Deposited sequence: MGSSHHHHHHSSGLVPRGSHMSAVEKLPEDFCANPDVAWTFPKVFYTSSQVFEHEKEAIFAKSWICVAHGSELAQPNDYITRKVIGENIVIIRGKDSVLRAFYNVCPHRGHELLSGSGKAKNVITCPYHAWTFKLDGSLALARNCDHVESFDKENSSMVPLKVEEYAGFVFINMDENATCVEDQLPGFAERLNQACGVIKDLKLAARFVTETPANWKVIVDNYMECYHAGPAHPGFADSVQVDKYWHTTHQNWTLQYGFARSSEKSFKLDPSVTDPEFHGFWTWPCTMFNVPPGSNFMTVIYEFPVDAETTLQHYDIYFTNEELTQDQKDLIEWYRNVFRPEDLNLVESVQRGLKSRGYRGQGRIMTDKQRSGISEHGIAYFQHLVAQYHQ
């Protein structure tokens, strides 16, 4: 039988438990989430800076789809499936400046940067060849909140419909987003269900016992997790730390947005880090951890901070979700886990997980 959840699941965060374990492991559940969620939701893939000039392009992979996003020669941003309409060879790789046409490496069909077939050698001698039905196949792309979202659902509306108020709130958290520049990217294929990874972001319960240096800057004594409409916001005061961030009143901002992209405006509010979750299968999630600074020339504090994120901070969260994925298959882990919400909605309250899982639940009725 299809694994279905009650609509009220996690509707009361004061008395709630995570999903039954079959939702973090089941291949059947993933195929449903893959199609009902990730193929019909707006997926954040990059900061605007990576696509701000004509011919700039990037490629991404999410739920088995190789996607190209490319700023046309006409400065129009478009996105395409990265597969040739003739025999299915891939078209571009990596990121960079596209040439003025896209030439498929197999049979050298050409496409304008708008996906239109330009020249397909010998096509005028092939009977009934359909040039207009031989273009690159597009999908939707939207620049929102200074970032770039794709949608595989032709009928999708816009990213504001999916995250009402988010751009408005993020621009109050960070006023320099348009100026940010990608400083560093950690790519990691992570053996954990995408929802386990959102779980791990939605709470600060684990800060003290898992993250020394971070918990020393970001004071979770003054910390609140507000829920909204398909996103939430964690904010807290902070001070200079020699185990994380160093050097008036520093602040921390942590937005989770549906389905699984998270935006961080750490202390100082002049830079961002962004976690991108690109699910592969039920126990596999590709993660981008991006560090953005407004200056292209990095200071040492920024580079050192980068290495701190790579070697110290991120490995503690990688190690955590990977062990959780292993443990929740054990017959000793009885089904579900308790979400440690408190009435006060304290800094260590886990109520964030319940808002998230209640939304997920609506895709399993």
*What gaps appear when the modelled C-alpha atoms are mapped onto the deposited sequence?*
1-22, 270-273
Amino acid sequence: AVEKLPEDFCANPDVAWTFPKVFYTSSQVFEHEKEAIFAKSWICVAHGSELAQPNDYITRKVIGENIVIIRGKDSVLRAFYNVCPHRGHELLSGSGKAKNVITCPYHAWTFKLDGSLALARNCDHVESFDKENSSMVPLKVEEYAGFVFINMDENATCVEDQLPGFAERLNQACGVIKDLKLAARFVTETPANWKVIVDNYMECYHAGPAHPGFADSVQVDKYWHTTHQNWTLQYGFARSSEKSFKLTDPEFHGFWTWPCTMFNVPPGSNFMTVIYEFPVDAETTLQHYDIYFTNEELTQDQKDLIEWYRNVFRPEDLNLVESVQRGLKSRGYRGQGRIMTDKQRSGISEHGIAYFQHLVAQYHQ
From here on, numbers count along this sequence of modelled residues.
_Which is higher on mean Cα B factor in this entry, 349-357 or 6-14?_
6-14
*Should the higher mean CA B-factor in the entry be assigned to 279-287 or to 132-140?*
132-140
*asked:* In terms of recorded Cα temperature factor, pick the maximum from 239, 195, 87, 73.
replied: 239
_Selection by C-alpha B-factor (highest) of 110, 188, 244, 200_ = 244
*asked:* By the recorded C-alpha temperature factor, relative to the other modelled residues in its chain, which third is residue 178 in?
replied: middle
*Looking at the entry's B-factor column for C-alpha atoms only, identify whether residue 322 ranks in the lowest, middle or highest third of its chain.*
lowest
*Determine, from the deposited record, the chain-internal third of the Cα B-factor for residue 119: lowest, middle or highest.*
highest
*What third of its chain's C-alpha B-factors does residue 218 belong to: lowest, middle or highest?*
highest
*Select lowest, middle or highest to describe the third in which the CA B-factor of residue 212 falls within its chain in this entry.*
highest
